[PDB]
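Chains as they are written, first to last, in the numbering used here: chain Z, 662 to 817; chain B, 1093 to 1220; chain R, 19 to 405; chain S, -15 to 71.
Here it is in C-alpha cells:
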C-alpha cells in the first residue's frame, strides 16, 4: 500500500517498468412505458420524427383542404400578433429581470468551487507532513542499516 | 435554486424536513407515492411532511413552439439519455479493468514482499 | 361520483357553500330541516345556501388531457435520468479511487524492485570475495498413441486402425477400421481417435460418428476438445487471430472449466471454455505435449525441456532440461509424472527421477499409469510394454 | 434574491424548514439567538434546522417550461370563447 508521493522525488521509466510487471500479472489472470422504446429507437437510428411542415407553405386557389389551411394561418397570425404585443409592452424589463437571476445562479457555483478547492488543498496539506515525517524515519533506518552492514564485516 | 431530482429550476419548490434539500413539488410528490421515503437520504418521508418567482423571456420569434421548439426538446432528451446509457456502460467496463489491474498489483507486492526481506535476511546471514 | 351522506350516486348533485363537499339534494335537505347545519363541518347552513342542479350553460358538453399525458410521461423521464446519473457518478468514485490507488500501489513496486536489485549485487559481490507386438499390422509397423480406460483395458492407435486390448486375457477385443490420438471413455464401450483431419467415435466394433493434433475428453464425459494444424480448437470452433498458428496439442484441466493448447510457436495457451477466450499464455520450438495434474494446480509442458507451472501463481516453478531428446508424451499418475519419447522416465513430483526405461527401439509414442500406479504402460514405433 | 427580514441581497442564504423562505444566515442566526423561532410564521426553529447533488441543471428557459406555456395558450383561448359565447 505505502508509496510516498511528496517525498519520492520517481521517473517515467519506472512507471513504464512497473506497468510491464503489472501487465504480466494481468496476462496471467486475464423502468418506463412505451416512451422508452421509441426514445431509444430514435436515438439509436439517429432520426427525429417529422412534424407538421404544412402551415408555412400552403397555396391560394386550392380547394376545401386549403380553405382550412388558409383559415389556420389567419388565427395563428392573430395569436402571433397578440403574442408579440404582450412581449413588447414589458419589452426589455422582463428580459433584464431574468438576466439578474442568472447572475445570482452563477456566483453560487463558483463559491462551491472555492469550498472544494480549500478542502482539497487542506487534505493534501495534511498528507504532506505525514510524508515528511516518515521519510525521515526511513532515512534514519537506512543509515542504521548501512552501519550494521559494514560493522558486522569489520568485526569478522 | 435547482431541484434535486430532475436538474430543473423549480416553479413551486418544496423542502423536506428530514433532509434539507429543495425539490420541485411534482417530482417529490411522485417519489413519495412510488416508495414513501426521501430520495437522497432514504429516510421515512410523506406528502404531509413536505414544506412548500422565476422569469423566462419568451423569444421574439415565439408555429415554432409546436414544430421547432418541441421537436428539439424531444431530440435533446432522446440523444442525451442514449449517450448517458453509453457512458454508464463504459464506466462498468473500465471498472473491471481497474479492479483486475489492482489485484494484479497486489500479487506483485505480495510476491516482492517475500523476495525483498529474504534478500535482506541473506545479507544478515552472510556476515556469519 | 358519490354523495357524502348516504354514499349513493347523486342524480341531483347540490353542494353547501361553507364546506366544499358534493351531497345529494334529498339527503342534505333532510339534514337541514332536521337542524340548520352542514353535516361535515357542523357550521351554519340553510336550504337557500345550497347550490342545486347541474351547471352546463354557455359551455357546450380532445386536447387538455394530451398535455396532461405529456407531463405524466416527462415525470418518468426525470425520475429515470436521476437514478441513471446517481449510478454514473457513484461508479466514477470507484473508478477514481481505484486509478489513483492503482498508480499509488504501482509506485510500491518501483521502489521494491530497486531495493531487491540492490540486495543481489551486494550479496553477489560479497559472496564472491510383458511386450506385445501383435496388436497392429506387422507390414505397417508402429503404435502411435496410447490410453487406458479410466474405470478399468488398453486403447492404441496405429500406423490406420484403433485397437482395444485386454491386459488380463491378453486378447484384442476390437480392431476398429475407419492414428495419432486416442481416448478411452470411462463407460468402457466408447472409444475416441484422431488422425492426420477427423475425430472418430467408436462402439459393435463400429464407428458411430466421424466429427469433421490433440484430443481430450471433458470432465462430464459428454464432449471432446480437439486441436489442429488448421489453427483452431473445437468442442464451437475458435482460433486466435493474434497468435494465428498451428495448435500442436490440447488437454482439459480436470475441473472442466479451462483447457490448454500448445502451439507451433512455443506458447501454451490457456482458454476459458464458457467464455471461449484465451485467458493466459505461458511463454519460455513447437510444444509437443501438455498434461494437467489431478491436484488441479500443476501443469507440465514439453517442447527438450519439461516445464512445470503452478496455475495459482501462473509461474514456471521448475524446468527439467534433458539433452537430442524428444519429449512426445507427458502424464501425471499426482504423485508421479511420466514422460516418453526418446525413452520413458518417471519423476516423483514432490522432490522432482524414480524410473527410467529404454526397452523400446526407436521412439516411444505413449506412456500411462495403471490404477494406483501398480503398473506402467508404453507404446512404440510395434510393441505395447507393461512394467 | 432578497432576504425577507432586511430586504437586502443576502450574501449567505440559508433556507428554513418550517416557514419556507430564503433568509440571510447572519440575520436569521441573530433572530434565532434572540428567541428560537422563525421570523415569518413564529414557529419553532433552531440553528441546525436552518440549511444553506450529481444531476447537472441548466437555466429555466422558454420541456417543463414549454408545457406550462401551452397551458397559458389554451387557458387564454378558452376565455376568448366565452367572450363570443356570451355575446
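The beta-carbon is built from N, C-alpha and C at its ideal position, and this holds for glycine as well.
Take residue i and list the residues in its own chain whose beta-carbon comes closer than 8 angstroms to its own, dropping the five residues that flank it on each side.
i	result
residue 398 (chain R)	160, 161, 378, 379, 380, 381, 382 and 383
residue 719 (chain Z)	727, 730, 731 and 734
residue 335 (chain R)	326, 327 and 328
residue 241 (chain R)	235 and 253
residue 176 (chain R)	153, 154, 155, 158, 160, 161, 162 and 197
residue 89 (chain R)	none
Relative to the C-alpha of residue i, which candidate in the options has its C-alpha closest?
i	options	result
residue 310 (chain R)	R:291, R:331 and R:355	R:355
residue 154 (chain R)	R:147, R:164, R:145 and R:146	R:164
residue 390 (chain R)	R:352, R:25, R:127 and R:30	R:352
residue 273 (chain R)	R:312, R:265, R:203 and R:223	R:312
residue 393 (chain R)	R:292, R:229, R:186 and R:72	R:186
residue 222 (chain R)	R:207, R:307, R:146 and R:142	R:207
residue 188 (chain R)	R:152, R:202 and R:91	R:152
residue 742 (chain Z)	B:1178, B:1190, B:1168 and B:1155	B:1155
residue 333 (chain R)	R:323, R:321, R:317 and R:340	R:317
residue 69 (chain R)	R:75, R:169 and R:41	R:41
residue 224 (chain R)	R:182, R:142 and R:101	R:182
residue 306 (chain R)	R:196, R:169, R:66 and R:320	R:320
Report yes or no: is there a C-beta of chain S within less than 8 angstroms of the C-beta of residue i?
i	result
residue 756 (chain Z)	no
residue 1128 (chain B)	no
residue 296 (chain R)	no
residue 1180 (chain B)	no
residue 766 (chain Z)	yes
residue 1144 (chain B)	yes
residue 703 (chain Z)	no
residue 1117 (chain B)	no
Would you say residue i lies against chain Z (beta-carbon separation less than 8 angstroms)?
i	result
residue -15 (chain S)	yes
residue 259 (chain R)	no
residue 43 (chain S)	yes
residue 94 (chain R)	yes
residue 1187 (chain B)	no
residue 1215 (chain B)	yes
Taking CB distances under 8 angstroms as the criterion, tell me whether residue i reaches chain B.
i	result
residue 47 (chain S)	yes
residue 857 (chain Z)	Because chain Z in this structure spans residues 662 to 817, residue 857 (chain Z) falls outside the shown range and cannot be described.
residue 119 (chain R)	yes
residue 145 (chain R)	yes
residue 214 (chain R)	no
residue 728 (chain Z)	no
Counting only Cβ pairs nearer than 8 angstroms, list the residues of chain S close to residue i.
i	result
residue 99 (chain R)	39
Who are the Cβ neighbours of residue i in its own chain at under 6 angstroms, not counting the five residues just before and after it?
i	result
residue 297 (chain R)	288 and 290
residue 360 (chain R)	343 and 344
residue 220 (chain R)	194 and 209
residue 676 (chain Z)	none
residue 25 (chain S)	3
residue 9 (chain S)	-4 and -2
Do we get a CB-CB distance below 8 angstroms when we pair residue i with the residues of chain R?
i	result
residue 46 (chain S)	no
What in chain R is Cβ-close to residue i, meaning under 8 angstroms?
i	result
residue 1208 (chain B)	130, 133, 134 and 137
residue 1190 (chain B)	112, 113, 116, 117 and 120
Which chain R residues sit within Cβ distance under 9 angstroms of residue i?
i	result
residue 69 (chain S)	76, 77 and 78
Taking Cβ-Cβ distances shorter than 8 angstroms, what residues in chain Z pair up with residue i?
i	result
residue 1200 (chain B)	682, 683 and 686
residue 1183 (chain B)	Within 8 angstroms Cβ-Cβ: nothing; residue 1183 (chain B) doesn't reach chain Z, min ~19 angstroms.
Please check the pair residue i and residue j, which I expect to be a contact at CB under 8 angstroms, by giving their CB distance rounded to whole angstroms.
i	j	result
residue 708 (chain Z)	residue 1170 (chain B)	Actually they do not touch by this definition, with Cβ atoms about 10 angstroms apart.
residue 1107 (chain B)	residue -1 (chain S)	6 angstroms
residue 403 (chain R)	residue 148 (chain R)	7 angstroms
residue 166 (chain R)	residue 386 (chain R)	5 angstroms
residue 128 (chain R)	residue 678 (chain Z)	7 angstroms
residue 294 (chain R)	residue 256 (chain R)	5 angstroms
residue 269 (chain R)	residue 308 (chain R)	5 angstroms
If I measure Cβ to Cβ from residue i and keep anything under 7 angstroms in the same chain, skipping five residues before and after, which residues do I get?
i	result
residue 184 (chain R)	171 and 191
residue 668 (chain Z)	792, 793 and 796
residue 29 (chain S)	0, 2, 16, 20, 21 and 22
Under 7 angstroms between beta-carbons, which chain S residues line up against residue i? List them in chain order, please.
i	result
residue 1161 (chain B)	50
residue 1124 (chain B)	Here the premise fails: no neighbours, minimum Cβ distance about 17 angstroms.
Quick one: which chain B residues come within Cβ less than 8 angstroms of residue i?
i	result
residue -1 (chain S)	1107, 1112 and 1114
Note down, in chain order, every chain B residue with its Cβ under 7 angstroms from the Cβ of residue i.
i	result
residue 709 (chain Z)	1163 and 1167
Since residue i meets chain R, which of its residues come closer than 7 angstroms, beta carbon to beta carbon?
i	result
residue 1137 (chain B)	In chain order: nothing, as chain R lies at least about 16 angstroms away.
So residue i contacts chain Z; which residues on that side make the cut at Cβ distance below 7 angstroms?
i	result
residue 1096 (chain B)	Near residue 1096 (chain B) there are no residues of chain Z at all, since even the closest Cβ is about 14 angstroms away, more than 7 angstroms.
residue 388 (chain R)	Under the 7 angstroms cutoff, chain Z gives no residues; its nearest Cβ is about 35 angstroms from residue 388 (chain R).
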